[PDB]
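These notes are about the structure you will find just below.
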Amino acid sequence: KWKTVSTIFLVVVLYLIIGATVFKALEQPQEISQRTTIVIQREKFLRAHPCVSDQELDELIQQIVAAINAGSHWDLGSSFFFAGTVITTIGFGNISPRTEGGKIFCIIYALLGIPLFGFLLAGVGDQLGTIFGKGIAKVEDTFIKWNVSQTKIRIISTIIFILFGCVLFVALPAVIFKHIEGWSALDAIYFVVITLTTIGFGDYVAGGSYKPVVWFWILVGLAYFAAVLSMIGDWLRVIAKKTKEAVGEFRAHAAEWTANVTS
Amino acid sequence: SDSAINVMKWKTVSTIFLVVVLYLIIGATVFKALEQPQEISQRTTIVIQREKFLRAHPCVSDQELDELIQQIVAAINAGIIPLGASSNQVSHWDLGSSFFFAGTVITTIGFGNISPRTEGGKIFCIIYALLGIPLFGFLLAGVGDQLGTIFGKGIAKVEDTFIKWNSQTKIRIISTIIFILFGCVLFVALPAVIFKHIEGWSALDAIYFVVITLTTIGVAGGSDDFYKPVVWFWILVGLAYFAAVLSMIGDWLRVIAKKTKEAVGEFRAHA
Ligand SMILES: CCCCCCCO[C@@H]1O[C@H](CO)[C@@H](O)[C@H](O)[C@H]1O
Ligand SMILES: CCCCCCCO[C@@H]1O[C@H](CO)[C@@H](O)[C@H](O)[C@H]1O
Ligand SMILES: CCCCCCCCCCCCCCCC
Ligand SMILES: CCCCCCCCCCCC
Ligand SMILES: CCCCCCCCCCCC
Ligand SMILES: CCCCCCCCCCCC
Ligand SMILES: CCCCCCCCCC
Ligand SMILES: CCCCCCCC
Ligand SMILES: [K+]
Ligand SMILES: [K+]
Ligand SMILES: [K+]
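For the protein sequence lines, the chains are A and B, in the order given.
Numbered by the authors' numbering, the letters in the first sequence go through residues 43 to 113, 125 to 262, 270 to 323 in order.
Numbered by the authors' numbering, the letters in the second sequence go through residues 35 to 200, 202 to 253, 258 to 263, 268 to 314 in order.
Okay, here's the thing in structure tokens:
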């Protein structure tokens with residue numbers, strides 16, 4: 043009977059409206075600086091070469107925008134990586150199928166590969182969850198009868214989870230993907246979160262300016285954030301009830317307050 | 035007995051791992067047999083237009099022409115209309131696009147081609163996703179249950195208008212067909228038919244769009268403002284629809300797993 047979904051719907055709508063104003067307050071500034079200087083390279087290029095004219099630079103952009111549709126890809130291994138992005142729903146989509154048969158196959162290949170891969174990820178999650186269960190069984194005997202109480206013991210372990218998990222999964226896999234002479238510090242964490250949350254794989258680089273072991277870290281990392289996101293959902297559930305009781309309690313005191321004023 | 039079921043679980047996981055490995059190898063060979071031919075025809079003819087347009091203007095910087103193309107392709111990763119006509123441009127981080135961007139983040143659909151460049155935008159996006167993805171899941175789960183009872187009501191009338199004389204175990208299969216029928220007509224067919232008249236997508240390219248989107252794999260939004272809010276709410280319920288569809292397909296694979304798991308066991312035993 044009681045819906046309770048529309049209230050969550052409004053929070054999500056409100057959460058998006060906040061996120062909207064924040065992203066445009068962080069990205070629209072740099073959007074101007076780029077796109078004002080892009081005019082500068084176009085204004086400089088026609089001056090640097092009277093050989094090429096206005097009518098001809100548009101033709102080049104057209105022929106480069108036409109090349110966006112294509113970009125050797127689809128080789129023995131690239132189509133393997135593509136199929137991995139499909140069943141993991143990461144789907145970076147820089148190289149997407151252009152053939153009618155390739156799209157029809159991709160529809161069926163996804164409708165069957167996504168559930169199939171789900172059983173793998175679920176089994177890897179349980180398999181890795183017990184590995185973590187053994188790792189805490191030794192930690193939950195050598196530190197428990199000490200002074201840290203029942204409600205606090207649970208928190209030290211969750212810190213050891215986040216630190217030992219995230220430090221592994223932001224340092225090694227992002228680099229094990231492209232492993233030496235590492236990277237910018239932030240774009241490794243940004244790469245990992247965007248990838249393992251199945252959001253879309255932050256910008257493959259080929260250095261213009270391993271197969272079982274790499275998909276190991278991916279499969280373990282996807283299972284890692286699968287639990288990480290699920291815990292965050294649990295902490296949101298707690299904070300939901302803690303804020304549910306606070307309002308109904310404040311609305312309870314403000315109600316009898318108003319009755320006292322009517323005297 | 036405690037770690038005896040785990041001796042039995044690890045066997046089941048690695049076999050599913052091998053199925054996934056082989057499933058990717060099959061998929062790999064199928065895509066590269068369908069797409070790599072069209073790639074050769076494209077790259078051989080894109081060299082022709084370099085060999086054409088560079089002989090058509092020898093006075094352009096030959097060795098530096100590739101550097102211009104890189105700097106143009108590097109600009110493609112961001113929003114660009116770098117042309118002599120229409121130097122005026124529109125922001126892809128405007129009032130409504132960054133709203134759509136946040137939607138692709140919490141739904142994990144993802145980014146189209148453009149992603150945040152600012153360090154502050156990347157740090158916020160990490161926090162926004164780690165909190166937005168779980169938040170959205172509660173909505174999607176509530177939408178699924180809210181939609182599941184609407185289906186439970188719609189099937190309650192259908193499961194009485196066909197109750198003749200004589202079973203319980205068989206009516207459940209008719210109910211799953213009327214799910215896929217109404218479901219794929221409402222959530223896959225009707226919107227795919229509507230996108231034909233808006234962006235001119237071929238018949239397949241609309242279904243392919245719906246599947247890739249609502250299976251959160253990852258554009259009709261640009262038209263160059269009355270239907271984007273409606274489509275967004277189609278997406279929310281369509282995401283809840285494929286959530287169950289993918290879940291059923293997984294259950295169908297559990298059945299097909301055991302039926303083949305028992306078939307090999309008997310064929311090995313009797314022979
Ligand atoms: C600049 C300070 C770097 C602090 C870390 C010191 C170790 O460097 C790393 O050594 C690794 C090989 O063992 C390689 O991955 C890279 O050559 C390098 O990244
Ligand atoms: C147990 C997992 C072992 C995985 C091996 C990964 C291969 O990377 C190597 O591992 C070293 C740290 O281990 C790095 O410092 C080196 O840069 C690199 O040569
Ligand atoms: C980017 C972070 C967004 C934070 C949004 C906080 C919204 C809080 C909603 C408060 C309303 C809850 C109503 C509960 C009624 C019982
Ligand atoms: C115009 C042709 C469209 C063909 C669509 C085929 C869909 C296949 C569904 C497979 C379900 C597992
Ligand atoms: C940093 C705070 C982010 C928002 C966390 C709470 C969002 C939901 C609370 C209300 C749920 C009913
Ligand atoms: C594209 C579908 C691939 C199907 C592969 C079937 C593999 C079954 C192996 C049976 C082992 C018991
Ligand atoms: C380098 C600038 C960091 C900006 C972080 C913005 C966080 C906003 C949280 C509401
Ligand atoms: C129908 C293709 C998947 C194979 C099902 C059997 C998995 C053990
Ligand atoms: K998913
Ligand atoms: K996804
Ligand atoms: K995605």
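Cβ coordinates follow ideal geometry from the N, Cα and C atoms, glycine included.
Asked: Quick check on DSSP: helix, strand or coil for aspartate 179/A?; Found: helix
Asked: Listed in chain order, which residues of the region 209 to 225 of chain B have Cβ atoms closer than 7 angstroms to some Cβ of chain A?; Found: none
Asked: For residue 122/A and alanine 90/B, I'd like the C-alpha separation in whole angstroms.; Found: Regarding the residue in question, residue 122/A is not represented: chain A runs 113 and then 125, omitting everything in between.
Asked: Quick one: is the Cβ of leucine 289/A within less than 7 angstroms of any heavy atom of ligand 8?; Found: no
Asked: Does the beta-carbon distance from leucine 88/B to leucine 99/B come in below 8 angstroms?; Found: yes
Asked: Taking the continuous alpha helix (DSSP H) assigned at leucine 102/A, which residues delimit it?; Found: 96 to 110
Asked: Quick one: Cα of residue 267/B to Cα of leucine 279/B, how far?; Found: Here chain B is numbered 263 followed immediately by 268, so the structure offers no position for residue 267/B.
Asked: Give me the pocket residues for ligand 11, defined as CB within less than 5 angstroms of any heavy atom, sorted by chain position.; Found: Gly144/A, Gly253/A, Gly144/B and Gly253/B
Asked: The alpha helix (DSSP H) with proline 226/B in it runs from where to where?; Found: 225 to 234
Asked: Just tell me which of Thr303/B, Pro226/B, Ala306/B and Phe214/B has its CA closest to the CA of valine 288/B.; Found: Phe214/B
Asked: Here's the rule: buried if 16 or more other CB atoms are within 10 angstroms of the residue's CB, otherwise exposed. What is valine 321/A?; Found: exposed
Asked: Find the residues of chain B that neighbour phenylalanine 87/A, judging by a C-beta separation of less than 8 angstroms, and give them in chain order.; Found: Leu102
Asked: With a threshold of 7 angstroms (Cβ to nearest heavy atom), would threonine 142/A be considered close to ligand 9?; Found: yes
Asked: Please check the pair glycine 253/A and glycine 261/B, which I expect to be a contact at CB under 8 angstroms, by giving their CB distance rounded to whole angstroms.; Found: Going by Cβ atoms, the distance from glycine 253/A to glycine 261/B rounds to 19 angstroms, so no, they are not a contact pair.
Asked: For ligand 1, enumerate in chain order all residues having a CB closer than 7 angstroms to any of its heavy atoms.; Found: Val228/A, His232/A, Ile233/A, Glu234/A and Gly235/A
Asked: Considering only heavy atoms of ligand 9, does any lie closer than 7 angstroms to the CB of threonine 251/A?; Found: yes
Asked: Please confirm whether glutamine 83/A has its beta-carbon closer than 8 angstroms to some beta-carbon of chain B.; Found: yes
Asked: If you reduce the DSSP assignment to three classes, tell me which class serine 132/A lands in.; Found: helix
Asked: Assuming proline 226/A and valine 245/A are in contact, meaning their beta carbons sit under 8 angstroms apart, how far apart are those beta carbons, in whole angstroms?; Found: 7 angstroms
Asked: Can you tell me whether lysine 45/B is buried or exposed, with buried defined as 16 or more other CB within 10 angstroms of its CB?; Found: exposed
Asked: Taking 7 angstroms as the cut-off, is the CB of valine 107/A close to at least one heavy atom of ligand 6?; Found: no
Asked: Under 8 angstroms, with one C-beta from each stretch per pair, do the region 64 to 84 of chain A and the region 100 to 120 of chain B reach the 3-pair mark?; Found: yes
Asked: Where does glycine 255/A fall in DSSP's three states?; Found: coil
Asked: Would you report the Cα separation of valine 177/B and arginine 84/A, rounded to the nearest angstrom?; Found: 49 angstroms
Asked: Indicate whether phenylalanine 285/A and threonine 318/A have their beta-carbon atoms separated by less than 8 angstroms.; Found: no
Asked: Find out if the Cβ-Cβ distance for the pair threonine 142/A, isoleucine 167/A is shorter than 8 angstroms.; Found: yes
Asked: Residues around ligand 7, please: the condition is that the C-beta lies closer than 6 angstroms to some non-hydrogen atom of it.; Found: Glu153/B, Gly154/B, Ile157/B and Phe158/B
Asked: Note down, in chain order, each residue of its chain lying with its Cβ closer than 8 angstroms to the Cβ of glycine 218/A, except the 5 sequence neighbours on either side.; Found: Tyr284 and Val288
Asked: Beta-carbon within less than 7 angstroms of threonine 138/B's beta-carbon, same chain only, minus the 5 sequence neighbours each way: which residues are those?; Found: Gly144 and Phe145
Asked: Given 8 angstroms as the limit, is there contact between the region 66 to 78 of chain A and the region 54 to 61 of chain B, that is, 3 or more CB pairs closer than that?; Found: no
Asked: Less than 7 angstroms between C-beta atoms, sequence neighbours within five positions excluded: which residues of the same chain meet that for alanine 241/B?; Found: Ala227, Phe230 and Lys231
Asked: Among residues of its own chain, excluding the 5 on either side of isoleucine 140/B, which ones have a beta-carbon nearer than 6 angstroms to its beta-carbon?; Found: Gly166, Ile167 and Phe170
Asked: Counting only beta-carbon separations shorter than 8 angstroms, does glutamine 203/A have a partner in chain B?; Found: no
Asked: On a CA-only basis, which of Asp96/A, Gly281/A and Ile247/A is nearest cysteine 159/B? Give me that one, please.; Found: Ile247/A
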